[PDB]
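Only one chain is shown below, in structure tokens, and it's the form deposited without the named molecule.
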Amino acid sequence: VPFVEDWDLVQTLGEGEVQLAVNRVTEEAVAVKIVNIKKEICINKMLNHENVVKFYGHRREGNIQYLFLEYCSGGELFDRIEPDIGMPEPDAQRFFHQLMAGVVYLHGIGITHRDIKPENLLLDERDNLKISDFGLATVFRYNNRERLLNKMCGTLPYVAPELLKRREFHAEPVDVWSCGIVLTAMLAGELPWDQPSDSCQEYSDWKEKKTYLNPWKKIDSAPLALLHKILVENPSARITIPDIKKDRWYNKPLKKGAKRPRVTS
């Protein structure tokens, strides 16, 4: 079929730069990342899951790398969070379920994302969450042997406290912590602290269980009981994903399915 390989760059999606590309023949939309990168391509080739941004391929034009990735028309989860309000609790529970499925998948194949935040969680046309950007990602389990991490990666308001206090740490509780900060942002529309350190007053208040303060006072007791188990300073005592899936709020019926068309009489 002629011209089937031609794509037109129609608009900017993010910033390296991310462009929306449309196929000249089929009109299929893809996101093109125009660029660490060698590792991002290698990790992306391992990935295949409904809550993980799809990798279609790559092309190297001299010094420039072109990553052909899934287009998510709903944009970033970040723009679904109303500042200081958040979003309706049933929406946050659905986004959190899909975030857990995506992270379970990644950890299962021994990959840690290391930069989970709402800017990296994209939504398709049906508002299905997709974990995006594997530029900071790494392999923490190979040949069934766990590798402890030591590199400083992520975004300070979402990083686990052990990444700041310890030389080495396990990879999985770090992604669990950032998911908990994402859950906090979705339910309160604010970040609880700048960084999880003792020098940070907001972080000390949380360890002192002052939940009458913002953002915790905006969060219902059931999802807050979950946050009490995720945002635990000691990563060895922090709730694992199998146990998040057994939490009372995680399994609380709150939301109806996608609106489906119907007529009466």
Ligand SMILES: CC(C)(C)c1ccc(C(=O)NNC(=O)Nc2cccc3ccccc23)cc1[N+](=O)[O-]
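All residue numbers are counted from 1 along the displayed sequence.
Below, we turn to the form deposited with the named molecule bound, even though it does not appear here.
The partner is absent here, but in the deposited bound form a heavy atom of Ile81, alone among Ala171, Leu129, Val103, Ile81, sits within 4.5 Å of the named molecule. Using a 4.5 angstroms threshold between heavy atoms, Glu190 counts as touching the named molecule in the deposited bound form. Although the partner is absent here, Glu119 sits close enough that one of its heavy atoms falls within 4.5 Å of the named molecule in the deposited bound form. Although the partner is absent here, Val159 sits far enough away that none of its heavy atoms falls within 4.5 Å of the named molecule in the deposited bound form. Contact annotation: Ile111 falls outside 4.5 Å of the named molecule in the deposited bound form, judged by heavy atom distances.
Contact with the named molecule in the deposited bound form, judged as any non-hydrogen atom within 4.5 angstroms, is confined among 89 to 97, 103 to 111, 181 to 189, 146 to 154 to 181 to 189.
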